[PDB]
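Undergrad: Got a structure for you, questions after.
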Amino acid sequence: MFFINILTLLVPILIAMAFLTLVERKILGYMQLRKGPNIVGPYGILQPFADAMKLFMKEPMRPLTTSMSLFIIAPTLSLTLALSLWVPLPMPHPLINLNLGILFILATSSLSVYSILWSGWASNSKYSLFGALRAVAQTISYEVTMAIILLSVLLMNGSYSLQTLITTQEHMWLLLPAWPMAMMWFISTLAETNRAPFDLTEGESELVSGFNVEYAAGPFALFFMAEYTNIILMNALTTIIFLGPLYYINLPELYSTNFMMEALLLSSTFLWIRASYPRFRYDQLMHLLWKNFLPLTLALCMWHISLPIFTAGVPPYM
Amino acid sequence: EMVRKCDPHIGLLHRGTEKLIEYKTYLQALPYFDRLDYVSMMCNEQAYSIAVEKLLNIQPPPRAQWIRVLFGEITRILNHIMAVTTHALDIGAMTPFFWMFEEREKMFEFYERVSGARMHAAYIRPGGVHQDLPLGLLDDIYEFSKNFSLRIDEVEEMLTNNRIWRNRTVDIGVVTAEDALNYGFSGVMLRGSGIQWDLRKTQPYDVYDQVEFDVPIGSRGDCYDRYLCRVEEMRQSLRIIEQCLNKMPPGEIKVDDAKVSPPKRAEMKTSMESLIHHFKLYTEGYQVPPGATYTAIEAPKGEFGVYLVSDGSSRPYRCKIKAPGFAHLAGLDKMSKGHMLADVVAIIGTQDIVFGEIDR
Amino acid sequence: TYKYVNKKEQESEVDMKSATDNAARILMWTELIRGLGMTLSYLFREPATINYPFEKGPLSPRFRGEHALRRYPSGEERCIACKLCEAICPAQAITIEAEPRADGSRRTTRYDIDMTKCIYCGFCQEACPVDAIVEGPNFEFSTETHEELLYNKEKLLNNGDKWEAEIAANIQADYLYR
Amino acid sequence: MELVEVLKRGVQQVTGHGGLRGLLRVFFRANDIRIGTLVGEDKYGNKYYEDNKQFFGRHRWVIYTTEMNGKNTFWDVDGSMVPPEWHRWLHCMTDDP
Amino acid sequence: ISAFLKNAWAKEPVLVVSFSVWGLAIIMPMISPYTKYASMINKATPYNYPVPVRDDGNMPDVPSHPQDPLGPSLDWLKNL
Amino acid sequence: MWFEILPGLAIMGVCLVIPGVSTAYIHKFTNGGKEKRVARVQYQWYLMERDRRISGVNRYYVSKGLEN
Amino acid sequence: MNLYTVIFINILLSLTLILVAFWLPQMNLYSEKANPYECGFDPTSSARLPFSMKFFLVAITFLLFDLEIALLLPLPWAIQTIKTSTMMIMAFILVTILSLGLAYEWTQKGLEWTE
Amino acid sequence: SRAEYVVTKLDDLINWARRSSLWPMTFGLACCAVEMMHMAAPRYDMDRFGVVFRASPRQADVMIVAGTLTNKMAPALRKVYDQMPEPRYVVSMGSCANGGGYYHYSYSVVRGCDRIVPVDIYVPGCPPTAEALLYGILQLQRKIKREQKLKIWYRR
Amino acid sequence: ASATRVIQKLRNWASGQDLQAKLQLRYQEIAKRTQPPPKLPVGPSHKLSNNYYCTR
Ligand SMILES: CCCCCCCCCCCCCCCCCC(=O)OC[C@H](COP(=O)(O)OCCN)OC(=O)CCCCCCCCCCCCCCCCC
Ligand code: SF4
Ligand code: SF4
Ligand code: SF4
């Protein structure tokens with residue numbers, strides 16, 4: 001009975017992300033006085049299928065100067081990690097229960113960067129290298145901050161398992177006590193996935209495309225298969241970690257219905273931000289997260305270390 | 001990612017317009033100029049029109065001058081709109097480019113209505129203007145002008161006080177005032193540094209001496225101050241349109257001199273001398289007296305000048321085009337010192353460069 | 001008259017309220033949430049896009065597009081082989097090799113235009129003293145081979161036994177300006 | 001309130017083309033459920049509509065034929081099918097059809 | 001020093017909130033009345049079985065039955 | 001218009017409800033109509049292992065009451 | 001075994017898609033196509049040449065800050081300790097110690113990039 | 001039933017995906033590219049037809065050769081054309097790209113991109129109206145609509 | 001003129017400035033495409049007397 005469960009978590013995610021591609025092109029277009037795809041289907045609902053079909057029927061290449069092993073293993077990790085990272089996600093019952101659920105996220109989310117590094121370096125191209133040597137700056141900028149924020153947020157939850165956060169927010173959103181962090185978490189999460197304004201690894205102006213200028217249609221889709229299922233995720237986590245929806249044990253179906261409302265609303269917000277602000281320069285991203293967020297995040301880490309101590313609000317374990 | 005040396009290798013768009021002009025009559029060479037700076041279309045041929053007018057020693061009629069100033073300002077708005085936006089497109093702000101191109105499309109209807117082409121209107125002939133404005137086109141220009149200052153504000157909200165835009169643009173491309181002249185800069189690049197210079201207010205060539213407007217000047221030389229100069233020029237150009245609309249004197253559109261400008265279609269088909277002049281002006285072309293001139297006009301990029309040499313013939317001898325971008329891009333080496341690769345991307349736009357004029 | 005664009009007027013005047021206004025601005029992204037507001041407004045607007053195949057964008061009677069050789073109402077060709085549309089054409093796109101027609105009239109035996117050389121400048125229609133060559137509104141004649149853009153007299157008369165219902169109305173509505 | 005008014009207008013568009021089959025023939029074929037006054041028709045079959053309420057550019061449109069010269073143009077619809085007498089009007093060069 | 005404190009507040013607020021909350025977290029535990037209750041709550045949780053102790057007739061203060069009034073109590077936790 | 005975005009989201013929103021609702025119902029189908037017990041400490045594993053060996057059928061989702 | 005299945009199901013899915021990417025489409029190979037892209041013109045030199053970074057000082061201190069969190073993630077279980085006072089002092093010191101190192105890195109222009 | 005019939009439907013399927021996802025390349029040389037932007041502008045949105053601009057030739061299906069092609073640039077255009085994975089299409093735009101246009105007789109202009117890349121559709125004009133290029137793109141889409149590549153495969 | 005007056009309020013507030021009087025798209029302010037015949041004025045030098053070219 002388990003294999004069937006994967007299908008209800010694997011196929012819908014692929015369909016949902018594919019229909020995010022249309023929703024991106026539509027929401028972006030309307031903010032720009034454009035009608036996104038509305039010719040392929042009734043309203044473009046078939047546009048993602050059209051893009052998917054052509055890329056897998058458009059020749060992928062084996063460039064002479066590249067490295068076949070890493071050039072081919074890098075996209076596989078991107079999709080493998082981006083899809084296997086939905087696994088411990090409670091909605092409200094996760095497919096698998098992990099005692100260290102978020103640490104699974106940190107290692108695996110940080111493991112996705114190696115897709116960009118190996119993809120850029122394997123594809124022996126100068127622009128591909130520039131994209132790789134910007135993910136290192138992208139990750140050195142946010143990883144120190146993203147880990148501390150999650151520590152502070154969970155420190156009023158007690159454990160590390162995700163599913164205890166539902167119990168934590170039974171009566172009040174965890175945004176309200178930690179709305180400072182929720183802003184820093186909403187940017188550090190925007191740094192991962194390389195979503196604008198922190199769109200530097202796949203830079204389309206300073207670099208022609210960025211760590212993709214040598215990935216032809218076939219393997220190229222594998223990066224977009226992963227670059228957008230990772231957008232839905234960190235929105236899925238944020239609505240679980242901060243915008244805690246109603247659990248109501250007798251009504252598990254109500255959690256998912258309310259969960260999707262916020263996850264889409266947050267997902268519409270990454271696309272909304274992309275439509276409004278220009279892009280950072282990757283030094284400013286480094287300074288932004290190391291001169292402004294890191295000071296305050298560390299100061300708030302002390303604040304939440306003492307908060308359960310001078311309020312008698314130490315959360316339980318188990 | 002720090003640039004130690006830039007070597008702009010222009011020449012990828014060297015069509016060689018200057019040599020092709022020498023084999024073409026003066027009227028035949030007019031569309032070459034619409035294609036040099038291809039974002040300020042009819043403000044190029046004004047430079048050609050003024051140069052040929054000077055040698056011919058004729059002046060256009062009063063109505064024509066106002067059309068050439070009225071449409072010489074729509075080119076300024078057209079060209080500054082792209083400069084603000086395509087500059088922002090490379091930086092990353094894609095949205096403003098889509099908003100203001102819903103206004104470029106509106107203005108290109110004016111070209112398509114005064115001329116027949118959206119972009120390269122061969123409309124401003126040396127002998128004034130080719131053909132009169134269709135009825136009610138001034139009303140459409142006015143209805144555009146009212147709504148426009150709202151459009152410029154909407155862009156002004158997006159990318160004028162953002163942290164991301166100020167940090168990507170301030171303190172970048174600082175050009176000293178002494179170097180701006182020595183490098184031969186002109187236009188907004190001079191005014192960004194602080195130098196007070198504008199040919200519309202120092203060497204007037206049209207009714208620009210009867211129209212009031214302000215020339216924006218920047219304190220620091222960074223790309224941010226010259227961004228504001230471009231946005232603020234749209235405001236002042238939109239102020240000239242109000243005046244040109246409110247005083248467009250009646251009269252003829254081309255000089256009543258059938259030896260330089262062609263006669264009307266009606267007179268061509270009833271009077272003999274008019275047919276002869278129509279026949280000769282379109283086969284040999286009017287002959288300009290021998291001489292040499294350098295006329296400069298304040299094209300949106302800056303000082304666009306044309307150096308026409310001539311002999312006693314209908315086809316010019318040498319037509320050198322002072323593209324304002326030639327000096328700016330040559331100075332790109334000095335701008336990007338101790339600045340990253342992304343900054344160079346943000347300095348290509350701030351010069352407002354098109355390589356049709358540079359390479360020409 | 002000049003105008004300062006980025007020059008501070010007077011400085012060194014800040015109190016707790018003014019200081020806290022800047023702190024609130026920097027420390028809660030007020031002027032970035034302000035940019036989001038404008039884009040959110042644009043989502044709730046009608047897009048300017050128009051279904052091209054079914055509604056086509058506006059044009060004007062003076063528009064310059066596909067060429068066309070006109071005829072008089074009787075049926076006689078207007079072109080009289082005066083050959084000053086190839087004198088003014090600044091791309092040498094036109095070629096004429098007229099000879100007498102064996103009924104006495106001065107008519108053309110070749111009027112080929114190379115639409116790949118032409119720049120759609122409109123000089124040929126304002127030079128013709130009989131309006132023999134015009135430029136109809138047909139902007140949509142893209143082809144799948146280079147050769148179909150090398151127009152000859154037979155094509156140019158076909159475009160001209162086709163668009164006269166349009167060409168006549170356009171000329172009739174702007175000849176006074178000309 | 002006003003929401004009922006617009007939801008009522010939507011009913012007019014979805015149920016203003018003869019029937020369901022009439023809606024299908026235009027929704028997937030033109031992506032335009034709008035309805036406006038029928039100015040006229042060609043001998044080929046082209047139907048020309050106008051809606052003065054909408055904004056400039058979208059106030060005149062065609063619903064092309066399904067067959068012009070034994071071409072079977074139900075899907076392969078191209079702009080070069082408006083005859084000259086209507087090309088002038090459809091392009092907003094005149095007010096008189 | 002009033003200008004310096006508020007001048008930094010006007011120009012670099014992030015480095016003032018960090019220093020303010022940094023000192024606030026250090027001082028708050030000393031002033032709170034519940035600080036001493038953080039330790040007691042972590043003494044209440046019986047993670048390991050409470051091992052009984054033999055009676056030699058000289059163990060009066062420890063209870064006999066679990067629900068008797070002569071032992072440690074948590075009645076302060078129910079009302080915290 | 002902007003409401004044309006809803007088709008993109010309407011059937012997208014369904015696709016993000018399936019992974020959540022399906023897991024809750026699949027658990028109840030496999031686990032005999034009870035939620036999937038979660039062992040985060042060794043104490044709970046001993047309890048599930050107890051129930052697995054308490055019942056004649058080697059499954060921990062069948063619960064024997066006071067009938068012994 | 002439930003978690004092993006998921007990743008290997010994902011691995012098979014990723015391999016099948018990429019495997020179908022390379023054998024389904026029609027290919028036509030030649031040297032001019034498989035050469036490096038480099039914006040139209042042939043690269044002047046390989047991309048394997050030494051490509052100096054300038055944020056190496058932040059790169060090193062990122063390690064020390066990465067080890068630094070490894071000493072903070074045990075906090076949720078350390079709060080359960082009976083003491084609650086030794087923990088708090090040894091928590092502020094660790095975070096304060098990191099800040100002073102960051103503050104000293106600030107003033108020495110460590111976080112600024114070599115020009 | 002006949003095995004030929006199934007082949008054509010698959011042929012029409014692969015063609016359809018290649019028609020509604022026609023990604024050009026941000027390769028505007030000069031002075032037609034301004035009208036190639038207007039095609040991307042609000043009035044004539046290309047996202048309607050699933051047409052999205054991408055910088056890398058490796059991720060571009062069609063190449064819109066818009067603007068004068070000079071000798072200095074000719075080697076670069078062919079290189080970029082080679083990088084596009086097949087199937088690839090070229091849409092020569094404007095007089096300067098179709099033939100030599102206004103600079104047919106210059107010393108440093110290749111008389112039409114047809115001398116360097118094989119062109120599929122020619123869009124006349126100078127510049128072509130944004131509709132004229134859009135008619136070209138649609139007329140290119142109708143070209144893919146009749147390929148017959150899998151149908152001939154059954155005949156080989 | 002089809003904003004329903006509640007979205008008209010939302011977009012008006014979000015933008016910060018009233019725009020229903022300053023819309024981009026044009027509805028009925030544009031001059032009618034067809035216009036009545038003009039008669040362009042005849043400029044100077046059509047005097048018919050005392051107009052010898054040797055003077056100007
Ligand atoms: C009671 C005692 C205890 C009290 C303790 C609490 C004390 C009060 C705390 C108040 C402060 C809250 C936390 C503040 C975090 C923000 C830090 C910050 O200042 O922003 C950093 C940066 C500053 O701008 P900058 O130009 O760098 O200024 C210096 C220039 N030399 O600005 C930026 O980062 C801007 C660049 C990022 C822009 C990203 C776009 C965001 C768009 C808005 C989306 C917001 C969505 C939030 C909701 C998410 C919901 C999940
Ligand atoms: S429009 Fe101009 S370039 Fe074209 S044929 Fe006529 S005169 Fe020559
Ligand atoms: S088309 Fe007109 S100008 Fe050209 S040769 Fe014929 S009559 Fe003369
Ligand atoms: S064909 Fe005309 S518009 Fe296009 S590049 Fe050449 S001159 Fe410019």
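If you're wondering about the labels, chains in the structure tokens are A, B, ... by order shown, residues count from 1 in each chain, ligands from 1 in order shown.
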Check which residues fall inside 8 Å of ligand 1 when counting only C-alpha atoms and all ligand atoms, and print them as a PyMOL selection string.
TA: (chain A and resi 175+179-187+197+235+238-239+242-243+266+269+273+277+287-289+292-293+296+300+303) or (chain B and resi 163-164+167) or (chain C and resi 26-29+32-33+36) or (chain E and resi 11-14+17-18+21+24)
Undergrad: Write a file of the just-selected residues containing N, CA and C atoms, as a tab-separated table (two decimals), in the first residue's frame.
TA:
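As written to disk, out-v2.tsv reads:
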```tsv
chain	number	residue	atom	x	y	z
A	175	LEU	N	4.14	33.12	13.51
A	175	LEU	CA	4.56	34.39	12.95
A	175	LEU	C	4.51	35.50	13.99
A	179	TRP	N	7.87	37.47	14.11
A	179	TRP	CA	7.75	38.12	12.81
A	179	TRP	C	9.07	38.75	12.37
A	180	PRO	N	9.99	39.11	13.27
A	180	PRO	CA	11.33	39.46	12.79
A	180	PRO	C	11.98	38.32	12.03
A	181	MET	N	12.02	37.13	12.61
A	181	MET	CA	12.58	35.97	11.92
A	181	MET	C	11.83	35.64	10.64
A	182	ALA	N	10.50	35.70	10.67
A	182	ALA	CA	9.73	35.36	9.48
A	182	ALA	C	10.10	36.25	8.30
A	183	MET	N	10.53	37.48	8.56
A	183	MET	CA	11.06	38.29	7.47
A	183	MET	C	12.43	37.80	7.04
A	184	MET	N	13.32	37.51	7.99
A	184	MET	CA	14.62	36.98	7.62
A	184	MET	C	14.51	35.58	7.03
A	185	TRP	N	13.56	34.77	7.51
A	185	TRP	CA	13.33	33.47	6.90
A	185	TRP	C	12.76	33.59	5.50
A	186	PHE	N	11.99	34.64	5.23
A	186	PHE	CA	11.40	34.82	3.91
A	186	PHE	C	12.41	35.32	2.90
A	187	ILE	N	13.54	35.88	3.34
A	187	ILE	CA	14.59	36.29	2.43
A	187	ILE	C	15.64	35.20	2.27
A	197	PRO	N	14.83	38.74	-6.05
A	197	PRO	CA	15.95	39.49	-6.62
A	197	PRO	C	17.32	38.83	-6.44
A	235	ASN	N	7.87	27.50	0.44
A	235	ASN	CA	6.58	28.06	0.78
A	235	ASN	C	5.76	27.10	1.63
A	238	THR	N	7.28	27.31	5.07
A	238	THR	CA	7.01	28.58	5.73
A	238	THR	C	5.59	28.64	6.27
A	239	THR	N	4.62	28.13	5.51
A	239	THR	CA	3.26	28.10	6.01
A	239	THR	C	3.07	27.06	7.11
A	242	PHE	N	5.45	29.04	10.21
A	242	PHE	CA	5.03	30.35	10.68
A	242	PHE	C	3.53	30.57	10.59
A	243	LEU	N	2.92	30.27	9.45
A	243	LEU	CA	1.48	30.45	9.28
A	243	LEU	C	0.74	29.14	9.55
A	266	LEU	N	1.72	32.31	-0.69
A	266	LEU	CA	3.15	32.56	-0.60
A	266	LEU	C	3.84	32.32	-1.93
A	269	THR	N	3.71	34.96	-4.09
A	269	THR	CA	4.49	36.10	-3.62
A	269	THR	C	5.93	36.07	-4.12
A	273	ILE	N	7.28	39.13	-6.23
A	273	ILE	CA	8.50	39.88	-5.96
A	273	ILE	C	9.38	39.93	-7.20
A	277	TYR	N	11.09	44.02	-8.12
A	277	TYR	CA	12.38	44.57	-7.77
A	277	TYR	C	13.45	44.20	-8.79
A	287	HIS	N	27.02	41.05	1.61
A	287	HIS	CA	27.02	42.07	2.65
A	287	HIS	C	25.65	42.18	3.32
A	288	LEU	N	24.57	42.06	2.54
A	288	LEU	CA	23.24	42.20	3.11
A	288	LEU	C	23.01	41.19	4.23
A	289	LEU	N	23.38	39.94	3.99
A	289	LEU	CA	23.11	38.86	4.93
A	289	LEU	C	24.18	38.72	6.00
A	292	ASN	N	23.78	42.86	8.09
A	292	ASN	CA	22.48	43.25	8.62
A	292	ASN	C	21.72	42.10	9.26
A	293	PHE	N	21.53	40.99	8.55
A	293	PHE	CA	20.75	39.88	9.09
A	293	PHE	C	21.53	39.10	10.14
A	296	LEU	N	21.54	40.92	13.65
A	296	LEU	CA	20.24	40.87	14.31
A	296	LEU	C	19.82	39.43	14.60
A	300	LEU	N	18.85	38.10	18.14
A	300	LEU	CA	17.57	37.43	18.40
A	300	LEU	C	17.75	35.99	18.84
A	303	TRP	N	17.97	36.33	22.38
A	303	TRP	CA	16.67	36.71	22.92
A	303	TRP	C	15.78	35.50	23.11
B	163	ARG	N	16.19	50.22	-2.27
B	163	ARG	CA	17.55	49.89	-1.88
B	163	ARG	C	18.27	49.18	-3.02
B	164	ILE	N	17.58	48.25	-3.69
B	164	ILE	CA	18.24	47.43	-4.69
B	164	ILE	C	18.71	48.27	-5.86
B	167	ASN	N	21.59	50.89	-4.70
B	167	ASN	CA	22.85	50.20	-4.50
B	167	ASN	C	23.45	49.70	-5.80
C	26	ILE	N	14.02	51.84	6.93
C	26	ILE	CA	15.06	50.86	6.66
C	26	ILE	C	14.72	49.53	7.30
C	27	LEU	N	14.16	49.55	8.50
C	27	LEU	CA	14.05	48.36	9.32
C	27	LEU	C	12.74	47.60	9.11
C	28	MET	N	11.84	48.10	8.26
C	28	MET	CA	10.65	47.34	7.87
C	28	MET	C	10.35	47.40	6.39
C	29	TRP	N	11.30	47.81	5.55
C	29	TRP	CA	11.17	47.75	4.10
C	29	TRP	C	9.95	48.53	3.59
C	32	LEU	N	10.09	49.33	-0.09
C	32	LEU	CA	10.00	48.15	-0.95
C	32	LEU	C	8.59	47.60	-0.99
C	33	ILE	N	7.88	47.61	0.14
C	33	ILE	CA	6.46	47.28	0.11
C	33	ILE	C	5.70	48.32	-0.69
C	36	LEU	N	5.89	47.05	-4.35
C	36	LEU	CA	4.95	45.94	-4.55
C	36	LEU	C	3.54	46.46	-4.78
E	11	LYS	N	20.54	56.26	10.89
E	11	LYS	CA	21.32	55.80	9.75
E	11	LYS	C	21.54	54.30	9.72
E	12	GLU	N	21.83	53.67	10.85
E	12	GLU	CA	22.10	52.24	10.92
E	12	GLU	C	21.27	51.63	12.04
E	13	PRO	N	19.95	51.57	11.88
E	13	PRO	CA	19.10	51.05	12.96
E	13	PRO	C	19.38	49.60	13.31
E	14	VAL	N	19.80	48.79	12.34
E	14	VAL	CA	19.93	47.35	12.58
E	14	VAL	C	20.98	47.10	13.65
E	17	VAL	N	19.24	47.92	17.20
E	17	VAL	CA	18.32	46.90	17.71
E	17	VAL	C	19.09	45.68	18.18
E	18	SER	N	20.13	45.29	17.43
E	18	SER	CA	20.93	44.13	17.83
E	18	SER	C	21.59	44.37	19.17
E	21	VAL	N	18.62	44.52	21.95
E	21	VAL	CA	18.09	43.21	22.34
E	21	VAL	C	19.18	42.35	22.93
E	24	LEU	N	19.12	43.32	26.34
E	24	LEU	CA	17.82	43.01	26.93
E	24	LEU	C	17.74	41.55	27.34
```
Undergrad: Which residues of chain G are close to chain B, meaning at most 9 Å apart when you count only C-alpha atoms, and how do they look as a list in words?
TA: residues 52, 53, 54 and 115 of chain G
Undergrad: Dump C-alpha atoms for the selected residues as an mmCIF file, in the first residue's frame?
TA:
```cif
data_model
loop_
_atom_site.group_PDB
_atom_site.id
_atom_site.type_symbol
_atom_site.label_atom_id
_atom_site.label_comp_id
_atom_site.auth_asym_id
_atom_site.auth_seq_id
_atom_site.Cartn_x
_atom_site.Cartn_y
_atom_site.Cartn_z
ATOM 1 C CA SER G 52 40.792 34.005 -8.628
ATOM 2 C CA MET G 53 38.065 34.733 -6.109
ATOM 3 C CA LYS G 54 38.114 37.758 -3.829
ATOM 4 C CA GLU G 115 40.042 45.244 -4.572
#
```
Undergrad: Pick out the residues sitting within 9 Å of residue B:348, and hand them over as a ChimeraX atom specification; count only C-alpha atoms, and ignore anything fewer than 5 positions along from it in its own chain.
TA: /B:87,329,332,343,353
Undergrad: How would you write, as an NGL selection string, the set of residues in chain D that DSSP gives as strand (DSSP E or B)?
TA: :D and (37-41 or 47-50 or 60-63)
Undergrad: Write out, as an mmCIF file, in the first residue's frame, the residues just selected, with C-alpha atoms.
TA:
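Resulting contents of part-v2.cif:
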```cif
data_model
loop_
_atom_site.group_PDB
_atom_site.id
_atom_site.type_symbol
_atom_site.label_atom_id
_atom_site.label_comp_id
_atom_site.auth_asym_id
_atom_site.auth_seq_id
_atom_site.Cartn_x
_atom_site.Cartn_y
_atom_site.Cartn_z
ATOM 1 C CA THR D 37 -22.938 43.975 -32.672
ATOM 2 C CA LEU D 38 -22.708 42.153 -36.002
ATOM 3 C CA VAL D 39 -21.645 44.822 -38.487
ATOM 4 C CA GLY D 40 -21.616 42.535 -41.508
ATOM 5 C CA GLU D 41 -20.376 39.437 -43.275
ATOM 6 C CA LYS D 47 -18.105 37.761 -39.652
ATOM 7 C CA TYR D 48 -17.197 41.242 -38.440
ATOM 8 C CA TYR D 49 -18.223 42.462 -35.001
ATOM 9 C CA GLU D 50 -17.800 45.688 -33.062
ATOM 10 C CA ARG D 60 -13.308 45.515 -33.871
ATOM 11 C CA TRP D 61 -12.623 41.848 -34.568
ATOM 12 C CA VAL D 62 -13.248 39.050 -37.052
ATOM 13 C CA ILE D 63 -14.441 35.490 -36.641
#
```
Undergrad: Could you list, as a PDB file with N, CA, C and O atoms, in the first residue's frame, every residue within 7 Å of residue H:148, counting only C-alpha atoms and ignoring same-chain residues fewer than 3 positions away?
TA:
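Dumped to around21.pdb:
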```pdb
ATOM      1  N   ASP H  11       2.900  12.278 -35.124  1.00  0.00           N
ATOM      2  CA  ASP H  11       3.566  13.353 -35.850  1.00  0.00           C
ATOM      3  C   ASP H  11       2.934  14.697 -35.528  1.00  0.00           C
ATOM      4  O   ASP H  11       3.640  15.692 -35.328  1.00  0.00           O
ATOM      5  N   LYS H 151       5.649  10.706 -40.510  1.00  0.00           N
ATOM      6  CA  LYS H 151       4.929  10.031 -41.580  1.00  0.00           C
ATOM      7  C   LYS H 151       5.893   9.462 -42.610  1.00  0.00           C
ATOM      8  O   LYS H 151       5.703   8.341 -43.091  1.00  0.00           O
ATOM      9  N   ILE H 152       6.940  10.216 -42.958  1.00  0.00           N
ATOM     10  CA  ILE H 152       7.922   9.688 -43.901  1.00  0.00           C
ATOM     11  C   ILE H 152       8.735   8.577 -43.260  1.00  0.00           C
ATOM     12  O   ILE H 152       9.191   7.656 -43.949  1.00  0.00           O
TER      13      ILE H 152
END
```
Undergrad: Could you list, as an MDAnalysis selection string, all the residues within 9 Å of ligand 4, counting only C-alpha atoms and all ligand atoms?
TA: (chainID B and resid 31:32 34:36 38 119:120) or (chainID C and resid 116:120) or (chainID H and resid 29:35 66:69 93:98 100:103 124:128)
Undergrad: Give me, as a PyMOL selection string, the residues of chain E touching chain G, with the criterion being at most 9 Å (counting only C-alpha atoms).
TA: chain E and resi 22+25-26+36+38-43
Undergrad: Neighbours of stretch 72-80 of chain C within 8 Å (only C-alpha atoms; same-chain residues fewer than 5 positions away dropped), as a list in words?
TA: residues 106, 107, 108, 130, 131, 132 and 133 of chain C
Undergrad: With C-alpha atoms kept, could you save the residues just selected as an mmCIF file, in the first residue's frame?
TA:
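Result file part_10.cif:
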```cif
data_model
loop_
_atom_site.group_PDB
_atom_site.id
_atom_site.type_symbol
_atom_site.label_atom_id
_atom_site.label_comp_id
_atom_site.auth_asym_id
_atom_site.auth_seq_id
_atom_site.Cartn_x
_atom_site.Cartn_y
_atom_site.Cartn_z
ATOM 1 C CA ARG C 106 4.648 54.524 -73.597
ATOM 2 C CA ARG C 107 4.366 51.510 -71.296
ATOM 3 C CA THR C 108 6.706 49.279 -69.318
ATOM 4 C CA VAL C 130 0.377 59.573 -62.236
ATOM 5 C CA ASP C 131 0.170 57.635 -58.954
ATOM 6 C CA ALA C 132 1.138 54.522 -60.898
ATOM 7 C CA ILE C 133 2.947 52.910 -57.952
#
```
Undergrad: Taking only C-alpha atoms and all ligand atoms and a cut-off of 10 Å, can you tell me which residues surround ligand 2, written as a ChimeraX atom specification?
TA: /B:28,31,122 /C:64-67,84-95,112-127,133-135 /H:95,101-102,125-126
Undergrad: Write out as a PyMOL selection string every residue belonging to chain A that has an atom at most 12 Å from any atom of chain E, counting only C-alpha atoms.
TA: chain A and resi 180+288-318
Undergrad: Can you check which residues of chain A have any atom within 9 Å of chain H? Use only C-alpha atoms and format it as a ChimeraX atom specification.
TA: /A:25-26,29,32-40,44,47,49-55,57-61,204-205,208-209,212-217,220
